[PDB]
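Okay, structure first, notes after.
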Amino acid sequence: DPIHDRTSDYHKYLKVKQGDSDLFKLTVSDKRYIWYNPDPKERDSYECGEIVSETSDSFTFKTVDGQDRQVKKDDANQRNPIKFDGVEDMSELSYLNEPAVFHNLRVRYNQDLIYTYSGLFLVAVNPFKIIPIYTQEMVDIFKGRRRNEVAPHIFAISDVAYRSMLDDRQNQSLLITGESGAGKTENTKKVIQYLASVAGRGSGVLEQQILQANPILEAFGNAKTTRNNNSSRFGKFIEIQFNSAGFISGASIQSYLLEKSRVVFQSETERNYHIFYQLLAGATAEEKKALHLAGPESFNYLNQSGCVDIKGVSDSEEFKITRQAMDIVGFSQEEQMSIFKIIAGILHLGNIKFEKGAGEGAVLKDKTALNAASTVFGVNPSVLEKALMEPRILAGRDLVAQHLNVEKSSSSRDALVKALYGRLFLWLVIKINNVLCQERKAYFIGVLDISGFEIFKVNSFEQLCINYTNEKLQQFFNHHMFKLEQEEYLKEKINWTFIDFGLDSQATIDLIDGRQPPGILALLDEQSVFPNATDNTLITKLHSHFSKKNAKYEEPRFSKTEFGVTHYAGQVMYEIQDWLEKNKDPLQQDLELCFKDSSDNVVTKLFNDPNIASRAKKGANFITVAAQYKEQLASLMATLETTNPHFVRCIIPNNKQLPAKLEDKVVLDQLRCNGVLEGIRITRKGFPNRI
Ligand SMILES: Oc1c(Cl)c(Cl)c(Cl)c2c1[nH]c1c(Cl)cc(Cl)cc12
Ligand SMILES: [Mg+2]
């Protein structure tokens, strides 16, 4: 039994190292300790001091340097006895304060223990190194075991959730939270790996097909940002489906919010979608030739950033994992060849240079780029040319050929690009989903893997939607841990005095999504379908509704184009440039008409299927991105309320993507805004189990 043997892989990599006889003299000490601040400017930096004496209401302690401080017993962060260092579940701690909790994570982390229970939920501190705790060997260890008999792990939270689907005849969910780069996606993978092995078998084909559905998606929707080298630029809900017996019947992936703008623009040091790089690096010299390929350096979509690679990942190498993934999934070779044609053409569309012509409208002098794109897409180059610079609209009912300038022609090209890619994404997913939903499920476990909370020097509409989602997820923790918990108690009259935990990101949610009084998104919406509206008339309007009126909003004194929202995880400054176009998300109809006549079997499904090419009207208008997303979100929150939720809080150790560097400042922020200590306080003080 490997749980009980001190030499095993399980004991070596998931359990606290046996302390020696020196650490024993110290564990049995009668001395008592306190966590204090050496500089009261820096609240998150802690040193340890011995309590030397005590009055009625206060302790005196030794600082490290020399002196002796006095503070009130009520403002004292006491150090737990050292028998607690490395405890597996922090609800067991005698003292529940900030440095006390951080310290325990510090102890565990220093010997590579990334998982800690914080009562009912799991905490996962990111290692930024490979640690051998996800082998089949390790999966088997966790098969069936109750939570308090095995070490903390993601596999375990996964087992308990599974036991709970079978023992309550009720649907389950794993909500993995975290700012960008904190480890969400990695732990998501692990939930699926574990679920797959434990409840799998036709042969064992479905199982391999679900696992191999994530490298595809990752190639097309992950990219290098300044925060994460493998950042998910789309959100993911995965229902792993189970039969009446409790074996794997299927899986369905729902995606949210592809950052389509990445395809045509990256910030310094960042990358476009991995796929672009994988194609250019990993293709045969024959495949490069029929696609008119070159290196990344000769494409506008791939050479603006200064960076074409990521340290320790070979793009040549990832192209194989990806191709192998579309194989196992049952994408035909006609289908892949088209997929890389769509990807190849986007790059070419990117190389079209537009210049000023005789008058105010645009001409295209060199048609190398245009012709290449038309060639790989299966479309008439002269129809594309005209649809790009001279698209036709209605003026009243009259048909008017417009002649677009350099700025507007470029945007339209970009708009065509973003729609090609976005529709391509939607199609990969519906295809994957079709191979995998093969059975009417009796039960599911749902894994939520969102784009995590992010801030950049320049934060835009995408960031707002990313951060709004991260905010709703946080309130969803708040509702389950604190609001639902206590409204029971008080209803079962079993004698509870109400606690205000002081965690409520409601006023932030409402500022963004409220409809009456109107929130940011509704003011955006109203502005998008008002015809004299500009980015200037939009921010004035936002300032007008919220400056000095909502305690969650700021009009900055320093800029006339940014607004601040104070999120649970910090204040974010949003740039308004381009919001109206990002919300309307317009595409010229002549462009749509150019691509419906594609000789390509895939491109034609992106443009002719109502599934993928349609837009739901709203009276005299199309649905905005904000209203479409606010709704898909609400639709998911409704799916979650109907489940028993399990939470995993992923924690980023630092902001430099480094191993063995736990930055206290960075980790405590996250502990506060996540409500980690409030979650532990609710479990000590209260009564979870109720029959
Ligand atoms: O990526 C996109 C997605 Cl992912 C979706 Cl759902 C739609 Cl409706 C569109 C899109 N891109 C579009 C363009 Cl360029 C035009 C229209 Cl009318 C709809 C879309
Ligand atoms: Mg992710």
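Identifiers in the structure tokens: chain A, B, ... in order shown; residue index from 1 per chain; ligand index from 1 in order shown.
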
Handout entry: Contacts to ligand 2 at 12 Å cut-off (only C-alpha atoms and all ligand atoms) as a PyMOL selection string
Key = chain A and resi 176-189+214+217-218+221-225+227-237+447-454+466+650

Keeping only C-alpha atoms, write the selected residues as an mmCIF file, in the first residue's frame.
data_model
loop_
_atom_site.group_PDB
_atom_site.id
_atom_site.type_symbol
_atom_site.label_atom_id
_atom_site.label_comp_id
_atom_site.auth_asym_id
_atom_site.auth_seq_id
_atom_site.Cartn_x
_atom_site.Cartn_y
_atom_site.Cartn_z
ATOM 1 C CA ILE A 176 -11.174 26.558 -11.393
ATOM 2 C CA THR A 177 -10.408 30.176 -10.619
ATOM 3 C CA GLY A 178 -7.164 32.186 -11.148
ATOM 4 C CA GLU A 179 -5.687 35.322 -12.683
ATOM 5 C CA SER A 180 -3.886 34.788 -16.026
ATOM 6 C CA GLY A 181 -1.049 32.288 -15.808
ATOM 7 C CA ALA A 182 -2.002 30.971 -12.338
ATOM 8 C CA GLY A 183 -2.629 27.368 -13.589
ATOM 9 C CA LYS A 184 -6.259 26.983 -14.568
ATOM 10 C CA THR A 185 -5.803 25.368 -17.901
ATOM 11 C CA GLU A 186 -3.204 22.903 -16.541
ATOM 12 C CA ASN A 187 -5.476 21.779 -13.722
ATOM 13 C CA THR A 188 -8.400 21.572 -16.173
ATOM 14 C CA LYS A 189 -6.326 19.136 -18.231
ATOM 15 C CA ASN A 214 -7.673 19.943 -26.118
ATOM 16 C CA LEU A 217 -8.269 23.961 -29.373
ATOM 17 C CA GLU A 218 -5.064 25.038 -27.667
ATOM 18 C CA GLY A 221 -7.003 29.686 -29.182
ATOM 19 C CA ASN A 222 -3.841 29.883 -27.083
ATOM 20 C CA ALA A 223 -1.121 32.526 -27.557
ATOM 21 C CA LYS A 224 1.862 34.042 -25.795
ATOM 22 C CA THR A 225 0.939 37.146 -23.763
ATOM 23 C CA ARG A 227 1.448 37.268 -18.531
ATOM 24 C CA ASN A 228 1.366 33.668 -19.865
ATOM 25 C CA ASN A 229 3.309 31.888 -22.625
ATOM 26 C CA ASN A 230 0.278 29.607 -23.182
ATOM 27 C CA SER A 231 -2.599 31.916 -22.427
ATOM 28 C CA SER A 232 -6.111 30.777 -23.291
ATOM 29 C CA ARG A 233 -7.653 33.523 -25.420
ATOM 30 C CA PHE A 234 -11.150 31.862 -25.158
ATOM 31 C CA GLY A 235 -13.180 30.469 -22.311
ATOM 32 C CA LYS A 236 -14.084 26.791 -22.088
ATOM 33 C CA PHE A 237 -16.901 24.816 -20.433
ATOM 34 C CA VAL A 447 -15.178 21.883 -16.004
ATOM 35 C CA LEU A 448 -15.015 25.692 -16.371
ATOM 36 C CA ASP A 449 -11.698 26.907 -17.721
ATOM 37 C CA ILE A 450 -11.978 30.681 -18.314
ATOM 38 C CA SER A 451 -9.516 33.312 -19.462
ATOM 39 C CA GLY A 452 -8.301 34.577 -16.096
ATOM 40 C CA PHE A 453 -8.177 38.062 -14.655
ATOM 41 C CA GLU A 454 -5.690 40.154 -16.631
ATOM 42 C CA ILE A 466 -12.452 38.829 -19.490
ATOM 43 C CA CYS A 650 -5.206 28.566 -8.688
#

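Near ligand 1, at a distance of at most 7 Å and with only C-alpha atoms and all ligand atoms counted, sit the residues residues 258, 260, 415, 416, 418, 419, 421, 422, 423, 426, 585, 586, 587, 612, 613, 614 and 615 of chain A.
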
Practice task
Go through A:116, A:635, A:643, A:683 one by one, measure the shortest atom-to-atom distance of each to residue 171 (chain A) using only C-alpha atoms, and give the residue with the smallest value.
Solution key: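 Checking each candidate against residue 171 (chain A), we get A:643 as the closest.
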
Handout entry: Computed interatomic separation between CA of residue 347 (chain A) and CA of residue 277 (chain A) (Å)
Key =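 Straight-line distance from CA of residue 347 (chain A) to CA of residue 277 (chain A) works out to 10.8 Å.
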
Mind dumping a table of every region 184-270 of chain A residue within 9 Å of region 140-161 of chain A, with the nearest atom pair and its distance in Å to one decimal, using only C-alpha atoms, sorted by chain and rising number, as a tab-separated table?
residue	atom	partner	partner_atom	distance
A:187	CA	A:154	CA	6.9
A:190	CA	A:155	CA	7.1
A:191	CA	A:158	CA	6.0
A:192	CA	A:158	CA	8.9
A:193	CA	A:155	CA	8.9
A:194	CA	A:155	CA	6.1
A:195	CA	A:158	CA	7.2
A:197	CA	A:140	CA	8.9
A:198	CA	A:143	CA	6.9
